[PDB]
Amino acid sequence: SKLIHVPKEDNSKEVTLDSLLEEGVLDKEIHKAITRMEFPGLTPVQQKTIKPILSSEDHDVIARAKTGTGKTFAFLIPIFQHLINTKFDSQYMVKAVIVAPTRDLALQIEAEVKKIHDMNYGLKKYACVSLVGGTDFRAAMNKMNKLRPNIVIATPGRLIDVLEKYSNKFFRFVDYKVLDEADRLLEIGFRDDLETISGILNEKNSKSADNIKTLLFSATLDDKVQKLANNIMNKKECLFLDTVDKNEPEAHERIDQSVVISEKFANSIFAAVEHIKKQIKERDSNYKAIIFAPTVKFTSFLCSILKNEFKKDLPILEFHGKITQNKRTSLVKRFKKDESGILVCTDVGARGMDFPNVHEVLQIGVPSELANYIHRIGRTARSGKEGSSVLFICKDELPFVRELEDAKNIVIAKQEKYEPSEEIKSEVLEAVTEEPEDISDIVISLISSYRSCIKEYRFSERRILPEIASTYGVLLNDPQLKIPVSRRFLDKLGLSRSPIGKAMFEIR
């Protein structure tokens, strides 16, 4: 497979819905649906991609647009059009398969399809079904039989389950497959799954094993994705669409980024509380923000702190992989609607999730992966609206910020140091209603988390892991105290041979 590049262009010709109703690209049924939405016009990415996504194969696509540019519709418009173009063939078969890295994002994409339906009841005939984990498998199949969807949105796990069972029944006539947040879906832990999905869909296609057309979408990707997606793309040639300069930062321009650096990792906690407290007062509780954290246990803990002194002011929402899928969905629908509130989450909500009018994005610690910094702050400043972001870290996480300049050319201007007063520390710590053995588990999680991204972020192992583990002493208000561990555990950790192990743990 060979790639071709069509970069950004400022003095490009304007494309519009009326212009696509002319030229015979889009049917009138779709033209209505999007016009009803009262958008001033198609976003840059949407204008550039609706064709040649519809154009004749062979021609796989790869789009590159910043966060909040409406990439969803940018591949949802052509799919509906193709479904209209092929109305009288395989009308009871899946023709488009969309894959997303998280359940909530897959459900979001489904909702966006269902919005298009709401804007034009004539499009409802092209049914849609979400195939996701944490939902009733049987009920999903019953819905699969009842509606006979032309569009399937799914997450890799559940999708392989149904394909191994019912690929002959629904998926023998797929023409399009979409990888939303493509780069993540092509990373280790997802790549094998998507190769299994692609292989099954290609193997069972009625016409040709190279029939399916693959679309890759994300706000962060390079030329290395074509190399990494060579096994899932059938067409002889693939054209790369791009609405951001190669040198320009992948992050969104309208985001006012800032860094709050501290001595200790635990210091970032107090800094975040004070920053929120200022914001609530300064905005008169008219504050909608998302706070990211490294681990599930630390999110739950951070959520407990925020509830203890902001629940009076704002709603505090806990969102992570260990939340039941019913609560996750119910939580997502609320925060989408609410004008205010604090969403405390892991990287489940780093990518794709569209929460209207988020004022700020806060971060305690580093993200799961380098690229996810761009996606994290991308939760705000969406669809024209403005926004800012704050990154809370200690003086041992600067290599992450420097790596941000080396790799993704993400330079950040506003930076300031922070030191916690004795007053704020007493307030927070006195409000913690958690046993030392619970504090233990939380701190170990962070050690495990930061141990996992040492190489990627160019950290100094001998410095960070002690500092991370040291938070256990801070929370119990006894700095020199070390977290008690078993000889079998410390050995099981592998740090038994390291001098760093003694600097982190006390074998009790």
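The first residue of the sequence shown is number 1, and the count goes up from there.
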query: 176-184 or 416-424, whichever carries the higher mean Cα B-factor; finding: 416-424
query: Stretch with the higher entry mean CA B-factor, where the candidates are 166-174 and 395-403; finding: 395-403
query: Residue selected from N120, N205, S285, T243 by maximal Cα B factor; finding: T243
query: Of the residues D210, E195, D104, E263, the one carrying the largest Cα B-factor as recorded; finding: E263
query: Ranked against its chain, the third holding the CA B-factor of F292; finding: lowest
query: B-factor third for the C-alpha atom of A229 within its chain; finding: highest
query: Chain third (lowest, middle, highest) by recorded CA B-factor, residue given as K235; finding: highest
query: B-factor third for the C-alpha atom of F88 within its chain; finding: highest
query: Entry-reported Cα temperature factor of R351, expressed as the chain third it lands in; finding: lowest
